[PDB]
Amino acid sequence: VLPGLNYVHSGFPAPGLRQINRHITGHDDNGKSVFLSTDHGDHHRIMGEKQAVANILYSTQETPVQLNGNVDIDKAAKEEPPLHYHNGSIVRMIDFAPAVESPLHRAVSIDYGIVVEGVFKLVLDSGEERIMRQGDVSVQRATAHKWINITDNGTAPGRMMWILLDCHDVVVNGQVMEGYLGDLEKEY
């Protein structure tokens, strides 16, 4: 039984989760701060067999970010970003179908995760786990892990948001803790 098979029938948002507002601010040609856009995000991507859907709220590709001439807006909207940006950031929102889990994987990045809706289980390759509820926050420091949606005993959708930042490779007594995607390669 593939969990969440064909659950996400209408892209973002997944059934049972809320449509959002993303607001981007900026300056007009008089120097006044205004809103530039209100929308549903960007670069929506179905994951698995309609088991999840990702939503890229923003991205940057250099540090510090260049805002003049609105080049960061164009850069974020021009291309769908990869897993993570070197010297940059990605804000990726993913809706989980009931009981959907990620593969055990490692990205070489530092990730700030917050539970937007539902209950998620964060399982590391050691077997240690934490149950994260709405509002709880994780700082994933380039560790091998998998995310499991356990909301309402596996009957409810859930939503996570991650902010992915660039980090150097993790080295433990000579050896690189190399990145691997498992089955998440298909989505990127």
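In case it trips you up, residue 1 is the first one in the sequence shown, and so on.
Enquirer: Which one of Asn55, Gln66, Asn153, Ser37 shows the biggest C-alpha B-factor in the PDB entry?
Expert: Answer for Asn55, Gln66, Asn153, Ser37: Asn153, with the highest C-alpha B-factor.
Enquirer: C-alpha B factor of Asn149, ranked within the chain: lowest, middle or highest third?
Expert: According to the entry, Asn149 has a C-alpha B-factor in the chain's lowest third.
Enquirer: Please place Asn173 in the lowest, middle or highest third of its chain according to the CA B-factor in the PDB entry.
Expert: Top third by C-alpha B-factor.
Enquirer: Can you tell me whether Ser126 has a C-alpha B-factor in the lowest, middle or highest third compared with the other modelled residues of the same chain?
Expert: For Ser126, whose C-alpha B-factor we compare with every modelled residue in the chain, the answer is the highest third.
Enquirer: Taking the values exactly as deposited, rank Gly31 by C-alpha B-factor within its chain and report the matching third: lowest, middle or highest.
Expert: It belongs to the highest third of the chain when residues are ordered by C-alpha B-factor.
Enquirer: Could you place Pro103 in the lowest, middle or highest third of its chain by Cα temperature factor, using the values in the record?
Expert: CA B-factor rank for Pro103: highest third.
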